[PDB]
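Each chain gets a letter, A, B, C, D and E, in the order it is written, and its residues are counted from 1.
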Amino acid sequence: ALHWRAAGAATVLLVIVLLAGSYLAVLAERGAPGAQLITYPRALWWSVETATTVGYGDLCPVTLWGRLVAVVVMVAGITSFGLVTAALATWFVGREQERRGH
Amino acid sequence: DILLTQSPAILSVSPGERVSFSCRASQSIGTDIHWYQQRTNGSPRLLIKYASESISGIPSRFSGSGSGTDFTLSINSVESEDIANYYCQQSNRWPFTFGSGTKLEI
Amino acid sequence: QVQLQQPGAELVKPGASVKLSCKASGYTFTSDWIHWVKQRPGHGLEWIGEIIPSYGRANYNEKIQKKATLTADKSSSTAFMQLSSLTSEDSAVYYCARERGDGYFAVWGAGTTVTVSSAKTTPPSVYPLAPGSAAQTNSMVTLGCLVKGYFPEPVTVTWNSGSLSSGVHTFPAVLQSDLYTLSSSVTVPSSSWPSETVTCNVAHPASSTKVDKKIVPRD
Amino acid sequence: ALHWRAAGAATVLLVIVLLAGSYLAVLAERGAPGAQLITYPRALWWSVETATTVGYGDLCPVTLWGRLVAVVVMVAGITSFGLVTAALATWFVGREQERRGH
Amino acid sequence: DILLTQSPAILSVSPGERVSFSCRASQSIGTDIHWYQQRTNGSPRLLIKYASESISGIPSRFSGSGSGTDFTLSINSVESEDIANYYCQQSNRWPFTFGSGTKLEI
């Protein structure tokens, strides 16, 4: 079923984006005075922070490219999670039809 | 850019005694401080990372503690092999910076 | 009822190791942490570490040399602190306290006095102190009892088993050649003595020896 | 109806995750110098903070396991709330069909 | 690691007078400060928790106030039973820490 493949595909893709985002953030932030997003372990925690849109404020980019990377993370995360919500709807809508005969 | 202050610059202690090295940051940096040992003519060697984490191949004698702006490197029961220069290094904010150093003396 | 129970004293030889206990009663939650605090004579409180019994994890003070190892027995509700290779530095009163995971020590134990000496345990000799036949009196009379030749500390001096609280002074012990000495004093209305008995109870944990000694006037 | 059972099931599960998250966070954070997520009452407020993705920044984990616990909370919260949204869709879609005869 | 400063270390007040104990933190800790009383030979006993909350079984005489870095423990109308050592304890950040203490004197 498409909605399930998509969900899954969306999860593997998000994990890729997170990892690539941790890498790209450090590359972008290092070199900028006062920057804090400069070691991979925390950067990875930051990407998870961003994609889930929780945004604590303990870490965030300050360079143009860092922020640009941050926007791809947010958007991939929002889109990905929004797709799970959508696939859960197709499951419910499908099951609610069965329960009515159709 | 973060400034790491190491004072006193020299420390005199007697054999077997406990010694403590101080390192203060000009702003809060969590536990993102690392300690290096450097003997006469040798290159620096990591002693403790993240303020208090052990490194393999380093006498259980060496320990560290602190968080925020005040950090300590302690040697329980000093001994001649420990005579050297000690530096702290922070990785909280770019660029990484080093302390001016503290010389140990028996 | 006494929420945390701890042994009164422990004697340890330099280099040796001792294991202190802390027995808990009362309400016990999975969110409980047992703490251990060290206090040297004349000084303040020093946090040693904490243990979460329902799970078994322990954290320790990173600035002081780690001579402790915490463990807990879920069944008997007992927390244990393992001190090893003790030196004169380690002699002090160790308290255990219970925190309900909200940050403050609700209850503390009476504390265990630890002594790191090469000496030997020695119970105290308790002698009476009645006024002299030539000592006049007012409305009050002062009696007391002498506790000497004991080691290690401490000793708990009570009067009439606690029933007599007011009027009591128990001077701080003094050390003289591997043996401590101290005196406790009590004061009751003169008219009440010796018609009404007055006895001093002396307990010395390190030797598990508690003894009494009534105070009667001289012949 | 499935979409309603699921919604409910999702709410009881989220409350479990929150409580277990408050407990696990303190267990993970205590022992880490400078950590703030160390008493249960606030930790519980923090989990609610995280699951709803609001993330104020007054509290957040700093240990690997704390953060890992934080990720299960975020994800349980996002998933749970996303499931309510999905069940509300099945209700609307179902009612909009009735209003059209089917 | 948070340092709790208690000064003066000794306080002399006359019978019935109002006394105040000071406790300052090396960084802001909200109201996560607790006060303990300890008489000669006794064990510590919680007096006030969270800077200003009452504990049952403690004279209404005892109160506390403050927030951030400056905290106060006050005794309205002192009396001989209050002669002891007073300690503050913070639970804002790990590890919990104690103040050096202030001795009360009548």
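Simple rule for what comes next: a contact is a pair of C-beta atoms (placed from the backbone, for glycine too) under 8 Å apart; a residue touches a chain by one contact, two chains touch by 3 or more.
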Shortest path length from chain A to chain E (each step joins two touching chains): 2
Of all other chains, the one whose Cα centre sits farthest from chain C: A
Chain ID, smallest distance between chain and overall C-alpha centroids: E
Counterpart interface for A-B, drawn from D-E or B-D and sharing over half of its contact pairs: D-E
Where chain C and chain D are represented by their mean Cα positions, the distance between them in whole Å: 50
Distance from the mean Cα position of chain D to that of chain B, given in whole angstrom: 42
Rounded Å distance, chain B centre to chain C centre (Cα mean): 41
Set of chain B residues in contact with two or more other chains: 52, 65-68
Per-residue multi-chain contacts in chain C, two or more chains: 59, 62-63, 102-103
Set of chain A residues in contact with two or more other chains: none
Touching pairs - complete list by chain label: A-B, A-D, B-C, B-D, B-E, C-D, C-E, D-E
Of all residues in chain B, those that touch chain A in their complex: 1, 91-95
For the chain B and chain C complex, residues of the former touching the latter: 18, 52, 63-66, 72, 74, 76
Of all residues in chain D, those that touch chain E in their complex: 29-36, 38-39
Chain D to chain B touching residues, read off their complex: 32-34, 62
Chain D-touching residues of chain A, taken from the complex the two chains share: 41, 45, 48-49, 52-58, 81-82, 84-86, 88-89, 92-93, 95-96, 99
